[PDB]
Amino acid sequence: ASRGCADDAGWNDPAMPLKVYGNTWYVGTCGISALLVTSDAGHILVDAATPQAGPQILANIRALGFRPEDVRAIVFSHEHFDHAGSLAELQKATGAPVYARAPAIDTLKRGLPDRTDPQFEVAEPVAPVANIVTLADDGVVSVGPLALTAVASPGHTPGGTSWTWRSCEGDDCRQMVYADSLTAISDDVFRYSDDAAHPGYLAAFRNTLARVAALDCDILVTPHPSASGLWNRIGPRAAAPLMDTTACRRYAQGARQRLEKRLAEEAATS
């Protein structure tokens, strides 16, 4: 019997790919999520993990019997190296456009962020993405019968996006939410409380928390699987239900608590 993934798994530690629900499949690593949403008309790939993960994701797609060339759209959570790292690699393999909200586009073209990213100084360099389609903040990415809805989720980054869609097993259909990271973490310089340095940025983060908390949410998945206890819900160590309609509310509420702790930490330092 396979032993499954640890919550503190390395970002590049391999995971055997497995169904999440219906036509949503997990193709990421033990430490970093990537999802494949499939149809007979082609697929949507969600996230790219770390600049090193291209090959594992591609191997995992094929392990499930899907062809990377049948992926017709790529979307992602946010423009940090640990989720956008293999986008260019995956675009070449699939031929698919990458969809990005406006505040992520320059980062994807450079392969590095700018000072608008809270984690600017700790960024690792990425391959640029060549074919980017600008995604409206409430846009829908459609491939055949598939439709993934964007929920703009700035805060952890300027360009972050949560994604939502329906997956079915026969007539039993579930609202899937791939909620973006909501951690208020930074490099050693950035201060969430310095509004003059980034006007409206923290307010937008608070608004993201409220929007995520309010989503219709049957099955939650997060870019770091442990942030939603994914390995306690699927795979060999699963001991809790996959479906929990309170999950997005609890996720956002915890994130709000942690955001306010970060603000307290900033108040305590000059």
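The first residue of the sequence shown is number 1, and the count goes up from there.
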| item | value |
| --- | --- |
| Segment of higher mean CA temperature factor, 146-154 or 92-100 | 92-100 |
| Greater mean Cα temperature factor according to the PDB record, 119-127 or 134-142 | 134-142 |
| Which of 10, 17, 254, 22 ranks first by CA B-factor in the deposited coordinates | 10 |
| Entry-reported Cα temperature factor of residue 42, expressed as the chain third it lands in | highest |
| Residue 111 CA temperature factor, ranked by third within the chain | highest |
| Within-chain third of residue 160 by Cα B-factor, per the entry | lowest |
| Where the record places residue 218 (Cα B-factor, split into thirds across the chain) | lowest |
| Third assignment of residue 243 from its chain's C-alpha B-factors | middle |
